Protein chains: 4
Amino acid sequence: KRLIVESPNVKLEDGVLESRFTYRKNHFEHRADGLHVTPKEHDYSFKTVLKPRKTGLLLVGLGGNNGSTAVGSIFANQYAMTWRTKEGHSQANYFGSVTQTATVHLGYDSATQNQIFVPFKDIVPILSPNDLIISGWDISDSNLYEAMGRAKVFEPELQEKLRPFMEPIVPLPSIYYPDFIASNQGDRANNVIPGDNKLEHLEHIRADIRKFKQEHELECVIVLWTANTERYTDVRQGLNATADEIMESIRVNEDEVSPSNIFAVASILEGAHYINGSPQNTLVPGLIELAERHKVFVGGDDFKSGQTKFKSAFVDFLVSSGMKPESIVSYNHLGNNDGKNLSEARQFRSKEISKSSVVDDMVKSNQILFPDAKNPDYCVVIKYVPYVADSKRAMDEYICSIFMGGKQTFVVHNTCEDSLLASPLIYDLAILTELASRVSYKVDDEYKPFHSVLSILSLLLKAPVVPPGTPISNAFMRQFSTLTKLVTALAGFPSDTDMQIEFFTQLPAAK
Amino acid sequence: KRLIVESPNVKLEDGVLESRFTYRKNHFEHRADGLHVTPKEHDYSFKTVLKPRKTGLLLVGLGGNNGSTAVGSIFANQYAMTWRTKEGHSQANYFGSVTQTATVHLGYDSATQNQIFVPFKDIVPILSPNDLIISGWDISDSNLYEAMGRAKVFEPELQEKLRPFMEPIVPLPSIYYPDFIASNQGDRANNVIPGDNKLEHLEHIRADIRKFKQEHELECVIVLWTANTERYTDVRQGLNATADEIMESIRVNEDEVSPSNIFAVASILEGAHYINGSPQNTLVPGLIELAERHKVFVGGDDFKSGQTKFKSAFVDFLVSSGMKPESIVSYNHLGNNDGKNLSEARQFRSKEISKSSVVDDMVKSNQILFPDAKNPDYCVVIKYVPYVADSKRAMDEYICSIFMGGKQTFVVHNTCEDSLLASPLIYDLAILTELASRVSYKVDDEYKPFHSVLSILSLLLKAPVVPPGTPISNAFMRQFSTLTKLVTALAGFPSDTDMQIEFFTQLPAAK
Amino acid sequence: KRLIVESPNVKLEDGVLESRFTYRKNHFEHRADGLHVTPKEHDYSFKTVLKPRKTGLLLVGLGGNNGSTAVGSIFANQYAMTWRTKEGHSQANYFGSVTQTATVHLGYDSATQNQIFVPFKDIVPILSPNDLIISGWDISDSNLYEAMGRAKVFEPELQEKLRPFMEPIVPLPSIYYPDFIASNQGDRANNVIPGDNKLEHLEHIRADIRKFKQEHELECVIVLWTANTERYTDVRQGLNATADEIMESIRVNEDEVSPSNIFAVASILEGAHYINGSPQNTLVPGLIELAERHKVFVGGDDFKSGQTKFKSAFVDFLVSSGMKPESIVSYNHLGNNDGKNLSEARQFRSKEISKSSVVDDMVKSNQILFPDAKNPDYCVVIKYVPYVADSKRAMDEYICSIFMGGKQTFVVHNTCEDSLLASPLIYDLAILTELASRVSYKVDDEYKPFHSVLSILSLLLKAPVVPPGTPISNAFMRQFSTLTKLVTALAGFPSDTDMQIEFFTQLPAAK
Amino acid sequence: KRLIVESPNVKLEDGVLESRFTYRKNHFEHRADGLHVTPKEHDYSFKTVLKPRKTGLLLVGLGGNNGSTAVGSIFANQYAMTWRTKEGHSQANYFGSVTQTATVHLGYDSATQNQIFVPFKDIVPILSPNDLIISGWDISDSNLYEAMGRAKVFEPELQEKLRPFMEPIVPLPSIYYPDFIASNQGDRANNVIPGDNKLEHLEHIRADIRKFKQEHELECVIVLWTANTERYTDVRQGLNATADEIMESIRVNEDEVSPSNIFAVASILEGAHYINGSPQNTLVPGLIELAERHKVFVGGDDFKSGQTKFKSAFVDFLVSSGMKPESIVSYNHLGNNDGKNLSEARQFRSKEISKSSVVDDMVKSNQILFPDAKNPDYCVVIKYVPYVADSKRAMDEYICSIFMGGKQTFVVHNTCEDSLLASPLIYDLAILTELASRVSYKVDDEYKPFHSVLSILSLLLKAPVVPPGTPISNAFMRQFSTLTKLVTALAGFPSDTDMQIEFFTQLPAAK
Ligand SMILES: [Cl-]
Ligand SMILES: [Cl-]
Ligand SMILES: [Cl-]
Ligand SMILES: [Cl-]
């Protein structure tokens, strides 16, 4: 039982689907007497390859909490593993994956007298995480079984069941430049590529990618960073403002060239797409340019898993409701290797910036509430507390001004099983990327892919990188409707079902 | 500086605005091989009177916390009253009014390199709460100054400034049927219409409305219930299933006919619209039918001010994110007259039902998460605690199941200045009603108003009453996009700006 | 390495220890000019049997959450059972037992330059829970293994290890009078003594006790109620004001005679002591009198395990600090059989009263703060929420008035693993009882035991029953110092170590 | 109506009260076979001057939040000032002062059938804060009225009433060494003693003290630091290990000599006592020695006002209950000048250390719970958030291990009106100091005062400084019983009323 489109504007031929969408856009003009709004229409012609390509995913930090869990849970879902609990049994699943478990509203059906909600994955064909082949790299040589014991995410029973699958997996050696992460990671680094020549390093990872692509005969290769937060590099012309600059800096063995820069470069040069799950500024302008030039997609930055995903939806809801956030304070503590890394200042900066950034476009949205567009007091803390381990603790206070100088104070406590929050997002980023790799649209009689910097991934990310000269969009539910309208437009059935006027009017006969 | 539409589909003539909107709706067919989706278009032709009518608002419970505050704050905003605080000064405002302070997204402007957000009130002309003339009724004869001292909402200073405006106002006597509210209200009731003949009562309120409409020469009269929560009436044929039944029950002095039924009837019979701000089931089928027959709008039920407004946006965000709510527990305490009334069981039922109801359409939306469509454990408590007074305290626990049988627990504490939350919503309900009273659309060559049961008011209400045979919609942000798309459609400039594809594509030339 | 007393006031003879303690007590006289305080001394001569007696414990509700856990954990500690966790291993222990894990301050030692803290159990010899032999009764015939699966307290692994010990244990049939508990317990009751003759019931339990005492050759038998909260009986002369009244009511088959009354009677008549772990008013005056007459100890009421244990220490700390509690609101939810029973109103009353009672003696303690001795707003809620199961959730708000009409608000969230909180308290109540059964003191040349109503158990109990005509003492830390001073007085080494004046003075030579 | 002692051990002569107290102390000996405990008695002979001396208090940081509030509230209580609130009126008081509002338990009175609780201030005569004459110094010349507007503690109305009292008060100029506080304080410092000669500075403050003592004819002068947290000085021989060292360092104009060192020195040299309300290490060994030599009392460090006062009582309660704290996380945010100062790292260290220190003596108390005496994970955060101002927000998580490896998690939110918490403590420190200045005891036929380092002030302080070679005592309720036993011993009526054995025994005839 599939979901089948009936439209004069959709044509299947050759296992691709062509889909004409008329886009409604307002155009503006500022005049002495006020703002003139001209609604215009823009016919898009989409083609979508309907068969998902054979897909490999390469994780940097493959042996970490997220990495080993991402891998573990795929196996666990493939074999439908269960484990005993005090309550009975639990079973493997993919909850908290937008792609695997969100449903989408197509409208209302009179016959069944029902709102119609379909699984996201039924709209345009997409991968299941079961279809992802995964390798990658780690500065630690621990196999993915020891890696699970390290992480403390799966209950003991489930680690034992997963043992014959995870244990054989030992990550490839990686680039280690001690100066780009928390100095407390030295002890752990026993699986590193020899030498200090960064171009030999570049070539070594290139070599790693091609063989992976060959050895499994993959048609889509995605590389994704889920290793420790690096510090920021400098950004400047001479170093990394252009593609040719970044390539040259690698050739002459420049210092402000990170391990994460070299992976991004090795990925692009090999036609693999690259996702940045961490706060560092890997996707400098030189990199984006290099991706534009090589026809590959980039994404980032920084998983939006817990306290910020909430912040994202809550500050939107509050400004939409006519309420002025005055004070936002966000404490966090955790005891995993992620926290021990963010013990150090330059790494905590990477993360502080990306956590602090998500209420900018909202404060700018509303000049009644915010006449001077001044952000509210906004404070972001992360602390390393070994005891709670992977169970991060998000403690937040929101203070708003409401009607007649009254106040409304929300205090919040949020238990975030970080790895269990993060992994599904790793599956979604990979999955939406392969899908985007299958979409094209008419530019001028030839078909073109979307921009390289694939901002539609924003709902998954804290600090979204976006095509040059366009606005950042931080409010989660808004980022979700971008995604769900897009796939319905691809599939042939977008609508105005956010305003079901049929319910309070008599519905005009169809044209 | 107004907001000016430029469209071949919009025409001003005679101070009304005609607006053709093409509505995108999916139509469904269930077949052996799956679900067939046919996108169709429905041309709506709207007319919107552009000058807001002269508008009176009549509140039942005029002397209560909400009532006296609603009135107080209008005056306070008219005269721009300030009061000293430890911090400096505060000034009157209308924060927490969607209509007065929400902004709306029309799109992106290249020249200014900017997202375009306009005040809701700039899209189609609507009232300001300053333009509302307000009277009403109260079983307590206390003037609106003593009423402010009672309520304990405005700081002392602001009650003194408001004294020469509020003090002269003494509410009209009301219908009091002791058996429909908390028996603890007996002491307070010293301003009641004599007798036990309910038809004489009906006539007395009718008399009250006409004179108000006459005495201020009003073109729109809205009646709104913000008195104490009554218990539910029985519902059955013979009593109140039809209009003729409800009229007859009033004539023969039936018992299961509430004070709130008589107001609703007095309102409709006089061409005034009627809003129910409380949990009771005033708008029984007989009443809706009577409103349909008299060409008046009804609305309800129960202000969605605090803990439920949040619940509404948060459970949506969580199911959209691929997360299964397992347990929702909602405690509440307050010390105002609202709480003292909800001390009693039949009144607490009214409210419990409407608070508990808001996660039904969401659990039905997602059959991956909820295969058997079974709501999570859901518990709603309200307690009378004199000390906190109007400062209600909402304490909530949400427990969700996420990826791989992991859990995510959110604990929440929410300081809700109920009256300061509620009043702005009283201004919004009135205001959207008068606006709807100005909209018509083409049915079959003649123009018709929307359905009497005006469900577009849902964002303001906990337990929305909706046109017979159509689904309830509980998720706040979804209710807001219904409203903002509608007014943009009226004004001439609706769009697909929830998916700004211009940012990752080359924008096709306009057609 | 024992703890050895060196005193002219202590004598061992025959395995009992004689201990003379000089008690400092103020005596008062009210006069026109004020309050006259006369300090006097009272020499107590204690004898303490030093060898703990062979001890059986009989639980009513043996198959419940507390019961099966109490039993499980004894076995688990006897065999030093471990279970795997994500973190490593956990091992059996007795944490949260005052007797097994509190330490006591005897003073400061110059040689080691150290505060001297010894285990409570080192002061006077007391049982270990490993030395307790346990049987009892349950209306449910489920064996203690099925009983563990029911309760959901121990992790699966630990239930399997405990299986060959718990599985053979099937509780004796009990008295079931449907009318004294939540009607929702009918289904569960398949293990009941036949008939409606309450005197035959009385005799049947008597029979149960003697055989237990015989079959294990016990020198101390304690009976303890940890079955479902019953409602309150009436209290009146004719029924249960005296011992002879209560015996007669059982003979004539009176209705207001509870199952818990019959156990208390069967216990006393057989020389077993009786502890009431639940809210019901089992220990009516007739019962106390019967215990006085039979030389047995009674105790109750209601385990002080979680939210009330905290409340107890926090309200004391706050009134001692010069702070006026103004508002205390205490929400609770749980999903165990305890909660499902407290779903019903008469059972929730039992518990509401005992939870609400703990700030009386403190508000009376301070007439500066509380001139009119009026308790603050105090609200206690319990809700049945299946999902959280045994993991009760205590949500509290304390609002105090402080300096200059300022306010201080504490909001609290407390995860209470009820069974894990309760069981250790079952071990402490039994253990302090057997100890008290070993203490006597000089009345008038013959040695006497303490009063039957053993109030020293108060630290463990919410609603302490106390010898007639004496004050209730609710503040936990105060209840703890009663206990620790007493055992040091017994052992020979009490002190003024709450005021170690040696540290800021030159210490006078010993006398 | 006074409180009148009746004892053969108490004698009034010449307005002093002589009081013989027999102190019960255990003495220890470690032997092969175990611990031998020898209870001994130590007769103390106290003399207490009964008339409180005429008392001046000099505050450093007189113009701060605490300072201006401390002064404001004295006036406010002298004149019984009220202010309007939404609720009615509030009146001046001294809540949150232990000395002014704690009550003390002397025992039980049979005639009235009552526990006897008396005000602390009724036991031995002590000052009322109304009797304190207050001046001091501030680097800011703002008068105490502008100082109130700055602080934002009193409601506007109360600042106006206090205006003619506070406005005339302009603090004396102070020592400003920019390098000892947050560099962000430069702007504020417009009231400073000229020059960089620290000995001239020393002399200038000496001059300030003598004239204050002269001008009001004071018999007790107390100097108290409540200015901004300085950083720590170095500590070493050569600099400040001895009195002669510290005097010399001032003479030769040494750098590591703080402004707070010079005040402490100016105080001692003038026979004024000195209290340190802040985290810095003012009372280095050289200073204590100088106080010992000059027969003056010192106290510190750091007001224990809010989150730490609670921590202090809660960790005690939890270890006494047999519970292992595993994780303590303490977040704090505030927007006052205190927070803006603790923005900077060296100042935040001062405070972090003193907040983190309070669970040491408790973890050492219990080797069952803590076999290896390893403190739990313990994290202390302070953040500068302008918006909340003086309303600091304490957010805490306590995680304990309980019975059978179960866990208990307490999450806490605490609204701390810092200035309203702090000031009463300023009144208590001064007040207990003047009282101690009136107590002496027999050393060897002559009477001596207590040690200079007056540790009995500990209940008021976070990081108590104590006589060399004696243990720190951190648990609040324990610190309170030290104080209340001491004053009852002074007054003639100490007791064993923490164990009222009369209630479960027959009370032996008095000896
Ligand atoms: Cl799934
Ligand atoms: Cl406004
Ligand atoms: Cl143990
Ligand atoms: Cl007072």
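Order of the sequence lines fixes the chain letters, A, B, ..., with proteins taken first and strands second; residue numbering starts at 1 for each chain.
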Problem set entry | Note, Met499(C) side chain near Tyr23(D) side chain (heavy atom, < 4.5 Å) |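 The answer is yes, as the side chains (C-beta and beyond) meet within the 4.5 Å cut-off.
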Exercise. Below 4.5 Å, heavy atoms only, C-beta onward: do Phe154(C) and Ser73(C) meet side chain to side chain?
Worked result: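 Of all side-chain heavy-atom pairs linking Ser73(C) with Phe154(C), at least one is under 4.5 Å.
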Counting only heavy atoms closer than 4.5 Å, note whether [X] contacts chain C via side chain, backbone, both or neither.
{"X": "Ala489(D)", "answer": "neither"}
{"X": "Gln500(D)", "answer": "both"}
{"X": "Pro494(D)", "answer": "backbone"}
{"X": "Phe476(D)", "answer": "side chain"}
{"X": "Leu507(D)", "answer": "both"}
{"X": "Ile456(D)", "answer": "side chain"}
{"X": "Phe480(D)", "answer": "side chain"}
{"X": "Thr505(D)", "answer": "both"}
{"X": "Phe120(D)", "answer": "neither"}
{"X": "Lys309(D)", "answer": "both"}
{"X": "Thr22(D)", "answer": "both"}
{"X": "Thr112(D)", "answer": "side chain"}
{"X": "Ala510(D)", "answer": "both"}
{"X": "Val412(D)", "answer": "both"}

Name the option with the most non-hydrogen atom pairs under 4.5 Å to chain C; the candidates are [options].
{"options": "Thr482(D), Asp316(D), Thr99(D), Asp444(D)", "value": "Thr482(D)"}
{"options": "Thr103(D), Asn114(D), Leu486(D)", "value": "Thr103(D)"}
{"options": "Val443(D), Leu106(D), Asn9(D)", "value": "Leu106(D)"}
{"options": "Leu454(D), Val319(D), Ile501(D)", "value": "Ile501(D)"}
{"options": "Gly107(D), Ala102(D), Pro471(D), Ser455(D)", "value": "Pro471(D)"}
{"options": "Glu397(D), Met323(D), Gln115(D)", "value": "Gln115(D)"}

For this session: Specify the closest pair of heavy atoms between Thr85(D) and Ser90(D), including all atoms of both residues, with the distance to one decimal.
Result: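 Of all heavy-atom pairs spanning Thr85(D) and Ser90(D), the closest is CG2-OG, 3.3 Å.
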Exercise. What pair of heavy atoms forms the shortest contact from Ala76(C) to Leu158(C), and how long is it?
Worked result: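 The answer is CB-CD1, 4.3 Å.
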Assess, by modelled atom type and distance only, whether the side chains of [X] and [Y] contain a donor and an acceptor separated by less than 3.5 Å.
{"X": "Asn414(D)", "Y": "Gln408(C)", "value": "yes"}
{"X": "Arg478(C)", "Y": "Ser320(C)", "value": "yes"}
{"X": "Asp109(D)", "Y": "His30(C)", "value": "yes"}

So which residue, [options], ends up with the most heavy-atom pairs under 4.5 Å with chain D?
{"options": "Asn26(C), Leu421(C), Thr38(C)", "answer": "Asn26(C)"}
{"options": "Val453(C), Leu483(C), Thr497(C), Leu369(C)", "answer": "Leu369(C)"}
{"options": "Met477(C), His27(C), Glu29(C), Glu417(C)", "answer": "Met477(C)"}
{"options": "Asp396(C), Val466(C), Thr409(C)", "answer": "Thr409(C)"}
{"options": "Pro424(C), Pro39(C), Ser365(C), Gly96(C)", "answer": "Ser365(C)"}
{"options": "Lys407(C), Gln113(C), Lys364(C)", "answer": "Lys407(C)"}

Which region of [X], side chain (C-beta onward) or backbone (N, CA, C, O), has a non-hydrogen atom less than 4.5 Å from a non-hydrogen atom of chain D, or is it both or neither?
{"X": "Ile116(C)", "value": "side chain"}
{"X": "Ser473(C)", "value": "neither"}
{"X": "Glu41(C)", "value": "both"}
{"X": "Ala313(C)", "value": "side chain"}
{"X": "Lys40(C)", "value": "side chain"}
{"X": "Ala394(C)", "value": "neither"}

Problem set entry | Centroid-centroid distance, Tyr427(C) to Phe403(D), less than 6.0 Å |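 Judged by ring-centre distance (under 6.0 Å), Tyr427(C) and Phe403(D) do meet the cut-off.
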Exercise. Under 6.0 Å between the ring centres of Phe21(D) and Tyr441(D)?
Worked result: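 That pair fails the under 6.0 Å test.
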Please determine whether a side-chain nitrogen of the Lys or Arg among [X] and [Y] lies less than 4.0 Å from a carboxylate oxygen of the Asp or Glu.
{"X": "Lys511(D)", "Y": "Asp43(C)", "result": "yes"}
{"X": "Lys25(C)", "Y": "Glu502(D)", "result": "yes"}
{"X": "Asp498(C)", "Y": "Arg24(D)", "result": "no"}

Exercise. Given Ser495(D) and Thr488(D), is the side-chain contact (heavy atoms from CB on, under 4.5 Å) satisfied, shown in steps?
Worked result: CA-CA 8 Å; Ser495(D) 74; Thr488(D) 52; over 6 Å; no
For this session: Begin with the C-alpha distance, continue with both residues' side-chain angles, and end with the deciding distance and a verdict on side-chain contact (heavy atoms from CB on, under 4.5 Å) for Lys121(D) and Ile123(D).
Result: CA-CA 6 Å; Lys121(D) 59 201 172 71; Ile123(D) 297 170; over 6 Å; no
For this session: Please check if the side chain of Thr101(D) supplies one atom and the backbone of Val98(D) the other of a donor-acceptor pair under 3.5 Å.
Result: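 Flag not set: sc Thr101(D) to bb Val98(D) has no pair under 3.5 Å.
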Exercise. Any donor-acceptor pair under 3.5 Å linking the side chain of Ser401(D) with the backbone of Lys324(D)?
Worked result: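 Yes, because the side chain of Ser401(D) sits within donor-acceptor range (under 3.5 Å) of the backbone of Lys324(D).
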Exercise. Between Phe310(C), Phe317(C), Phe314(C), which is the residue that forms a side-chain contact (heavy atoms from CB on, under 4.5 Å) with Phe314(D)?
Worked result: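 For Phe314(D), the side-chain contact (heavy atoms from CB on, under 4.5 Å) test succeeds with only one of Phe310(C), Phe317(C), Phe314(C), which is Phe310(C).
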Exercise. Going through the distances and angles, do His451(C) and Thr470(C) end up as a side-chain contact (heavy atoms from CB on, under 4.5 Å)?
Worked result: CA-CA 12 Å; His451(C) 197 288; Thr470(C) 65; over 6 Å; no
